[PDB]
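Here is the structure we will look at.
Quick reminder, even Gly has a Cβ in these numbers, built from the backbone with ideal geometry, and neighbours come from all protein chains shown. Derivation of every value follows stated rules applied to the coordinates shown; laboratory data play no part.
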Amino acid sequence: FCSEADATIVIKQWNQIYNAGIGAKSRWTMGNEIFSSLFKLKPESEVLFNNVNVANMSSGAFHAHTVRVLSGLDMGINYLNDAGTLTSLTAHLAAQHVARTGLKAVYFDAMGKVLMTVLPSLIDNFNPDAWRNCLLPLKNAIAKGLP
Amino acid sequence: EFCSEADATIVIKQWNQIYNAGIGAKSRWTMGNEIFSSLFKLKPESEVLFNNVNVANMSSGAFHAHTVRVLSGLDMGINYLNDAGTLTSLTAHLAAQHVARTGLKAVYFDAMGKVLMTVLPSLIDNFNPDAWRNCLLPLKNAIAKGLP
Amino acid sequence: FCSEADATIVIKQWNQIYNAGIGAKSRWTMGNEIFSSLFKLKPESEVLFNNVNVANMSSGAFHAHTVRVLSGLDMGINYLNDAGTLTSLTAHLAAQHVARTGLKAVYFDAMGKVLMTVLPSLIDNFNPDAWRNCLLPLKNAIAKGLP
Amino acid sequence: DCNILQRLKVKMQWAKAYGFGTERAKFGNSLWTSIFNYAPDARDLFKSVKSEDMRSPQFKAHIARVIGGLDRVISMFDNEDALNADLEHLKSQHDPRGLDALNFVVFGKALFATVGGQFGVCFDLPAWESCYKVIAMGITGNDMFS
Amino acid sequence: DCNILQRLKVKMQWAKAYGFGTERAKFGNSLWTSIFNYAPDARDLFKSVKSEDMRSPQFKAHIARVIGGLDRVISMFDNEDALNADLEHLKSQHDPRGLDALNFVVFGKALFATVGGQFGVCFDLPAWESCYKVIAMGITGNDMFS
Amino acid sequence: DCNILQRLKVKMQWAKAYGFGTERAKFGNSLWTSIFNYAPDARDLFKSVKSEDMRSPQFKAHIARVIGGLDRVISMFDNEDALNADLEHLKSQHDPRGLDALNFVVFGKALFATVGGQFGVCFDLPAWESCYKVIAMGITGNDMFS
Amino acid sequence: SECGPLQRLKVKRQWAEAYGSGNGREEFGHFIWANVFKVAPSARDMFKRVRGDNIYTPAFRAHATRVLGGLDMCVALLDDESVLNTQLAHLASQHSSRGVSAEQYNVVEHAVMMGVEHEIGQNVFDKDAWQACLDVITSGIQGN
Amino acid sequence: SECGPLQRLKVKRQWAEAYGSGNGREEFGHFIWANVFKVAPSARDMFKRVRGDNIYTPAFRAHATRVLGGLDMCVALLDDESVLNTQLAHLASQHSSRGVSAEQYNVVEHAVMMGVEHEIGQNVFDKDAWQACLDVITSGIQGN
Amino acid sequence: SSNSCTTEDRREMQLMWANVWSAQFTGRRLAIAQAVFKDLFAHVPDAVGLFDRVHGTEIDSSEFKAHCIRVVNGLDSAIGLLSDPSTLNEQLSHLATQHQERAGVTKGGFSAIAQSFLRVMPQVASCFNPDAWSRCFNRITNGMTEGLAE
Ligand SMILES: *[C@@H]1O[C@H](CO[C@@H]2O[C@@H](C)[C@@H](O)[C@@H](O)[C@@H]2O)[C@@H](O[C@@H]2O[C@H](CO)[C@@H](O[C@H]3O[C@H](CO[C@H]4O[C@H](CO)[C@@H](O)[C@H](O)[C@@H]4O)[C@@H](O)[C@H](O[C@H]4O[C@H](CO)[C@@H](O)[C@H](O)[C@@H]4O)[C@@H]3O)[C@H](O)[C@H]2NC(C)=O)[C@H](O)[C@H]1NC(C)=O
Ligand SMILES: *[C@@H]1O[C@H](CO[C@@H]2O[C@@H](C)[C@@H](O)[C@@H](O)[C@@H]2O)[C@@H](O[C@@H]2O[C@H](CO)[C@@H](O[C@H]3O[C@H](CO[C@H]4O[C@H](CO)[C@@H](O)[C@H](O)[C@@H]4O)[C@@H](O)[C@H](O[C@H]4O[C@H](CO)[C@@H](O)[C@H](O)[C@@H]4O)[C@@H]3O)[C@H](O)[C@H]2NC(C)=O)[C@H](O)[C@H]1NC(C)=O
Ligand SMILES: *[C@@H]1O[C@H](CO[C@@H]2O[C@@H](C)[C@@H](O)[C@@H](O)[C@@H]2O)[C@@H](O[C@@H]2O[C@H](CO)[C@@H](O[C@H]3O[C@H](CO[C@H]4O[C@H](CO)[C@@H](O)[C@H](O)[C@@H]4O)[C@@H](O)[C@H](O[C@H]4O[C@H](CO)[C@@H](O)[C@H](O)[C@@H]4O)[C@@H]3O)[C@H](O)[C@H]2NC(C)=O)[C@H](O)[C@H]1NC(C)=O
Ligand code: HEM
Ligand code: HEM
Ligand code: HEM
Ligand code: HEM
Ligand code: HEM
Ligand code: HEM
Ligand code: HEM
Ligand code: HEM
Ligand code: HEM
Ligand SMILES: [Ca+2]
Ligand SMILES: [Ca+2]
Ligand SMILES: [Ca+2]
Ligand SMILES: [Ca+2]
Ligand SMILES: [Ca+2]
Ligand SMILES: [Ca+2]
């Protein structure tokens, strides 16, 4: 995965904007910004979320989806220094995305660029390298196999 | 009032040796029985005062529970030796519980004192008779406050 | 009396402007300001000091009186955390004021307002609450019984 | 049901959480701060022990009497005869006060949060809920603790 | 129950007890160690995640998913729309497993022991029993959590 | 003797030795423990302030008044007008007690032992004997302090 | 730059750090107003009732307290337009009969920024986000 | 505000804290004169003999030493008018043939204040007392 | 004394507060306030009228919410200032004149709300100390209601 020093930085910066201490509201407002951006990059992928009511991104069903997505991302980050468990965690997340027909690996590349674009606006002294080194490996594990 | 901080610390430590949350009820009434038996021996006349707790059969649930609450009362008093305010209020309450009962005499509490001074050294590691006397006497007097 | 935390603050602020280290001159210049003020508030009480030469407030007899008064105040403050002794100290000071005919409890109320007015000009970040909590009790003990 | 094993478990956990010396006073004060935060109205039932000022000698002496009752009662969990005789003794002291049994439910909730908070993560809540029921049933009689 | 004040209380206490980084896994492990100690039979229900060995990465991934779920659900406590849509989601995931609802009662107990054990004496047990019910009810639909 | 330089010296050393807060009572207690050890009979002269028990609040109030007096007097060492008016004051308070002047010599000795014991090796004993005389003389009027 | 959802989150966090719980508040507010009156000494005249001549006084310190208390409310509401605007209207009415110029509002803006940067460090200060969202705040206090 | 007996006591203590025993004196005086010459660069010209162009030089540092030494004497005498005025007259004569304007005196006043505040903190700085008593000091150095 | 707000009670109150205080979002503050007023209203019906300008009959309106946020900001400013009473005094006066000369606003209502806070806090705050809290809440109200009727 990624270095122990790198992971440390990622976990620290991430917990700056995400932790058990603040509002689900902030959670989904980051979520909406993240997906809105994924859509503008790959509009073809928006349809994949019609099931969580992507039609209305202010709906409890979609807010809950982004909440879910960020919690997953959080769960992955907090396990960066537990290679064994993380491998198992990503394999699972990987299965939750494969069963979804219409998902191309390229969508996770776009998601990557979105995160690298959104995060710096929320995080103090965001570190693109430490994040790349820790995220990319993740992303490949969650998008390994798909189109 | 009561005793000095240094004396109380000794008494509290020696008492905790033989009495604490980790001490089973059986060891408690075992001490309770040896104590009251000794009391009765010194003041046979006092025994009848305990017919309500079935003193007739000292190994009865009723008498066991009595000695256990007595010892619990002594424990409460000892652990509060360094908080005279609370101790004064605790002794006052205990006193009320005794004066409420008739037949009790001050000499019965002095007797209990001797029993404790006789019984404890056989239970406590290197018992300190002076520190205990310094702390027990005021305690005993506060509880027996108002008895004839 | 007053809290151990409060007393601490009072003792600290007081020792800022009063301690065995500086000039009796400063001692009585604070004294004169204190009484001059007590007089302007209750002019009827000035006469009570005719015995210490209140006529000339620059006289050794009156300077010595204020010195005496401040030393008493100092003695009381430094004993704020010794309830037993302070009680005994105030009872004594209380006796030294009762035997003085013409002293009304209201004069000690004025003295209180003077202290709360003078002190802040001499003390860094004077704390009115901590002082009230510690002084008022004092004052009542030294003025308990009088008119 | 509070079988013998749960009784042993509870005796062990109580001993560790109750502690020695002044830690007991702290434990008691916590227990009673929680009871009055759980049910702010229960406080009025204690005017007889000056509950207006929880740090008053009268109320502190009350705290001591209660945790001492809990201690001696828990220590007798293994001897039915002694246990029941004491629970009835306690009932006799609480009846003339006509207390709403529901308060005893709040007390138990407080007991758990206090013992659990002190004991830590291996606190056995189910065992405690079951055995506390025995105490409450023994003191109030209300089959709500059946 | 579980009004807005208790939901905020719970959010606070959960955040403290849950903690950051690796302390999270420890909490997770204690929660599940209690669950299986409280109801040893429930362990066989998790052969799909290798409950056979709690130190195994398969089971740790499960622990992580579960507390992550508790966390995201507790964070939505203030927004009913997102909360219910998410409880429905969790529900569609537990329904096909034919899980006996009594186990969710065991889960809660374990949860309270672990949160209170880590948070300390000021743990608000009543608030947690009320708000947990809301969670259990959303996932099971059983009115025992009513 | 006790020129202005020695008065300043004494003021410095006294301030150090006397200290702040509670250290003051300790100094006070040592001063009086020496006085009574030096002249055991002098103790009976203080039954009015309960010298019977030096730890009693009555006697501690006395100790506090006395060192407070030494302190205010030493602070006026530079202003003869205030100093003499204040020594006269102290004098009118000690006169009606028919106190044998030899005790003021004991007091001084005790005072020097306590100031020097607390201030250390640089204690200026000659300066203190000279300046103490000025104090004793103002309070007694005895020309033995000449 | 625009005060978007992201910038509002950043400002909230950075403000929380700077404003804090209360211990550093007096120094925070003093730093701020010492800057304001230095850049615009002329403005003190509007604070005659709260001793604007001496910002070391309890009277002014209490005022400084009220001002920061006002910024805090707005920052805390930045993600709730409805209530935010309602609050800005309240502030607006509290300043209506005082003739504050859009230039004095900008001064206080920089004073607040410098103070926040002084508190959290230039290493993390997000100037774009702050300017944008402070514009949004003063802009609303001036009606528009 | 007036430089009364109380204000004089406050100034004495606050000055003692700031001026101290001597270790922080060089930094104290540098802070002061770096402020003076920034607010009034024109004034340096009067210090040609003590290298007013470079306040980092021993020559100027010695001068700064003498100036603070002068303030110290006045602060120490603030409660002894008789000798105080005698000292102010001495300072007056040392500046008589130099044409110092009442505006340069006020500059140094603020420079000294800022320096003292910088040393003891805005949390305890008593601006009213300082201004009043510094007025009393410069006022006397200018004859009146 | 004795029921005075001590330095330790102040540390304690700032603690009970700093905890249940959200420095980033109004969610927590807002919730605490509304709950305090609901409680006051249910205990003092006639009180709702005093808040007609802020829609006191509609606790969830943008107008009452902004008012609750203002009340909570007032309490927060005072709780913080318990540490510097000189300035606290100035702040508590200003608040006093803000409640002064407003029919009904009377000391009685303050004692009411004081009871509302005592009922609300323990539900939201962990390790709540009702004694310390009220001793300093009272210290705060006393400065707020200096010029008012019983
Ligand atoms: C996407 O969802 C959002 C959010 O709605 C939520 O999610 C949906 C997916 C659904 O599951 C909803 O159940 C869920 O709430 C939709 O926008 C929201 O939609 C509601 C519409 O009901 C907005 O509510 C406005 O109206 C309500 C109630 O109006 C009725 O009742 C009042 C009496 O109380 C009457 O006065 C009215 O005549 C009416 O009959 C009210 O609470 C608000 O209106 C008041 O406040 C305004 C100020 O904010 C004033 O301007 C009004 O004059 C009035 O006093 C609401 O404005 C709700 O506001 C939005 N959400 C937001 C934040 O705006 C969205 O429509 C949906 N997308 C689509 C197109 O389907
Ligand atoms: C002081 O009290 C103690 C303890 O007594 C307890 O506390 C009192 C205050 C009361 O509340 C009592 O109710 C309570 O027990 C006395 O010692 C106990 O004495 C009892 C006598 O009742 C002993 O138990 C014997 O009885 C049981 C039960 O018997 C019943 O059931 C059988 C059916 O199997 C019937 O056949 C009987 O007719 C009767 O209805 C019995 O099981 C025991 O006998 C077994 O053991 C024998 C071998 O030793 C066999 O040969 C038998 O066949 C049978 O299997 C008991 O004999 C009880 O053990 C003690 N308790 C202890 C711990 O010592 C004490 O005597 C009393 N002092 C006095 C004289 O007053
Ligand atoms: C209240 O008391 C004050 C202070 O006096 C003290 O307290 C009193 C209660 C008494 O117990 C006094 O014993 C005690 O000192 C009174 O004000 C002080 O009063 C003295 C008056 O003697 C002032 O002294 C001035 O005069 C002396 C001595 O003057 C004689 O001797 C010189 C020769 O050395 C001759 O030149 C004179 O012709 C005269 O015969 C002297 O030290 C000072 O005068 C010099 O210095 C001045 C500058 O300060 C010059 O302007 C003069 O020209 C001269 O050179 C003294 O001014 C003493 O100053 C005041 N205290 C102060 C600080 O001013 C006060 O009068 C009394 N209230 C009333 C009305 O009774
Ligand atoms: C690396 C970042 C991502 C993370 C952490 C993530 C996480 C998650 C999680 C936790 C779920 C819910 C699984 C469940 O509980 O059933 C989910 C669902 C889903 N994700 Fe992602 N995801 C990521 C990126 C993406 C991308 C790039 C796409 C593609 C467009 C995507 C498409 C989906 C879809 C279609 C669902 C199912 C939605 C539904 O329930 O209808 N995800 N994701
Ligand atoms: C100083 C040591 C003693 C302590 C700590 C002590 C303590 C207690 C306690 C805690 C109770 C139970 C009160 C209640 O909950 O109702 C009690 C009851 C009683 N005590 Fe003592 N006691 C002591 C000495 C004595 C002595 C010397 C006598 C007399 C001979 C005595 C006679 C009684 C009686 C008659 C009862 C009532 C028993 C009943 O309810 O039937 N106690 N004592
Ligand atoms: C709380 C502050 C006060 C303190 C600490 C204080 C202290 C003292 C002390 C130590 C003495 C000298 C006792 C002796 O040695 O004989 C004294 C005397 C005296 N005090 Fe106070 N005092 C205070 C307030 C007042 C007030 C408010 C009045 C009223 C107007 C007052 C009137 C007097 C009088 C008339 C004397 C006797 C003066 C004489 O010797 O002729 N004091 N005070
Ligand atoms: C199950 C746990 C409880 C135990 C072990 C317990 C124990 C005790 C004890 C030992 C006493 C003192 C008896 C005496 O010596 O006079 C006492 C008194 C009292 N208890 Fe409890 N108690 C419990 C629960 C409760 C509850 C739930 C309430 C109700 C709100 C309550 C209300 C009282 C009152 C009002 C008193 C009398 C206080 C006085 O005036 O002295 N107790 N309790
Ligand atoms: C209210 C508390 C509970 C929460 C928040 C919770 C949450 C979750 C989550 C998030 C998953 C993973 C879903 C996925 O990503 O596929 C999960 C799986 C599961 N849960 Fe729960 N759960 C709770 C209680 C329970 C209980 C009481 C049982 C039963 C004894 C249970 C049994 C399971 C099983 C068997 C799985 C599937 C494991 C697997 O993937 O093989 N859960 N739960
Ligand atoms: C030079 C050193 C001494 C100083 C500064 C001093 C000071 C004082 C002071 C301030 C008081 C209290 C006056 C009041 O407020 O009523 C006092 C009381 C007294 N002093 Fe001294 N004193 C000194 C030496 C002595 C000596 C040597 C003796 C005799 C052995 C003595 C005997 C007493 C007595 C008997 C009292 C009265 C105690 C009472 O209030 O009952 N003092 N002294
Ligand atoms: C940065 C945005 C600002 C905020 C949040 C703000 C907030 C406040 C608040 C809360 C008050 C107290 C109202 C009351 O309780 O009566 C106030 C008063 C005042 N503000 Fe501002 N203010 C801001 C900017 C300004 C500016 C730029 C000026 C002008 C130079 C100004 C001048 C005043 C004056 C003169 C008062 C009245 C003081 C008094 O009561 O005498 N404010 N402001
Ligand atoms: C704040 C009050 C001031 C004090 C206490 C003060 C004090 C002094 C002292 C002690 C000297 C040295 C005199 C000597 O030994 O010859 C001095 C010199 C001087 N001062 Fe000041 N001064 C003050 C303000 C000023 C101001 C406002 C100016 C003008 C801008 C000024 C200009 C000078 C100059 C030009 C010298 C001569 C330097 C030299 O020797 O070449 N001073 N001052
Ligand atoms: C100690 C707790 C309280 C605090 C901290 C507090 C604080 C505040 C604040 C900050 C305002 C707004 C001032 C402005 O911007 O103009 C306010 C307004 C007001 N308060 Fe309070 N208040 C408290 C208790 C009460 C009580 C007990 C009553 C009466 C029953 C009351 C009645 C009012 C009214 C009528 C207004 C004016 C509302 C409006 O129309 O804007 N307050 N309060
Ligand atoms: Ca089914
Ligand atoms: Ca004689
Ligand atoms: Ca800071
Ligand atoms: Ca602008
Ligand atoms: Ca320094
Ligand atoms: Ca000037």
Taking chain F as a Gaussian network, Cα atoms linked when under 10 Å apart, which of F:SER92, F:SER51, F:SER75 shows the biggest mean-square fluctuation? F:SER92
Mind putting a number on the dipole of chain G about its Cα centre? Charges go on the C-beta only, +1 for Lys and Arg and -1 for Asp and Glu, and I need it in Debye to the nearest 20. 560
What relative contact order, as a whole-number percentage, does segment C:1-78 give when Cα pairs under 8 Å and 6 or more residues apart are counted? 37
How large is the charge dipole for chain C, taken about the Cα centre, if only the Cβ atoms of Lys, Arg (+1) and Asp, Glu (-1) carry charge, to the nearest 20 debye? 340
Need one number for chain I: average projected area of the convex hull over its C-alpha atoms, nm². 8.6
Pairs of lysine in segment A:5-147 with Cα under 16 Å and at least 8 positions apart or on different chains: total? 7
Enclosed volume per residue, in Å³, of the convex hull spanned by Cα atoms of segment I:43-131: 123
Mind putting a number on the dipole of segment I:30-130 about its Cα centre? Charges go on the C-beta only, +1 for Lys and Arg and -1 for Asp and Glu, and I need it in Debye to the nearest 20. 140
Quick one: check the C-alpha center-to-center distance for segment I:94-150 versus segment A:111-137, whole angstrom. 48
Less than 20 Å apart at the alpha-carbon level, and either on another chain or at least 8 residues along: which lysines does that give for B:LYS41? B:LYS105, B:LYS114, B:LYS140
Relative exposure of F:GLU88, B:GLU5, C:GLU4, judged by other C-beta atoms within 10 Å (fewest first): B:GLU5, C:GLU4, F:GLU88
Taking the Cβ of E:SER130 as the centre, find all other residues whose Cβ is under 12 Å away and add up their charges (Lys, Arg: +1; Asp, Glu: -1). +1
In chain H, which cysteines lack any other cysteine Cβ under 4.7 Å from their own? H:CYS74
With a cut-off of 8 Å between alpha carbons and a minimum separation of six or more residues, what is the relative contact order of chain H in percent? 40
Sorted largest first, the Cα spans of segment I:1-79 on the principal axes come out in Å as 39, 32, 17
FRET efficiency estimate (nearest 0.05) - Cβ-Cβ, G:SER93 to I:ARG119, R0 41 angstrom: 0.80
Using the Cα atoms as the points, what is the convex hull volume per residue of segment H:5-144 in Å³? 102
May I ask you to derive the relative contact order of chain E, considering only C-alpha pairs under 8 Å and at least 6 residues apart, and to give it as an integer percent? 36
State whether the protein assembly as shown is rounded, prolate or oblate according to the following rule on the C-alpha gyration tensor (a ≥ b ≥ c being the square roots of its eigenvalues): a/c under 1.5 gives rounded; otherwise a/b larger than b/c gives prolate, and the remaining case gives oblate. oblate
In whole Å, largest first, the alpha carbons of chain A cover along the principal axes 41, 34, 24
Could you let me know the centre-to-centre spacing of segment E:1-30 and segment D:119-146, using Cα atoms, in angstrom? 25
Under 16 Å between alpha carbons, and skipping anything fewer than 8 positions from G:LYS38 in its own chain: which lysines qualify? H:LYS38, H:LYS127
Among E:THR22, E:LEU45, E:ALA82, the residue whose Cα sits farthest towards the positive end of the charge dipole of segment E:1-103 (+1 at Cβ of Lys and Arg, -1 at Cβ of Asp and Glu, taken about the Cα centre) is E:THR22
Using only alpha carbon positions, build the gyration tensor of chain E, then give the equivalent ellipsoid semi-axes as the square roots of 5 times its eigenvalues, largest first, whole angstrom. 22, 19, 14
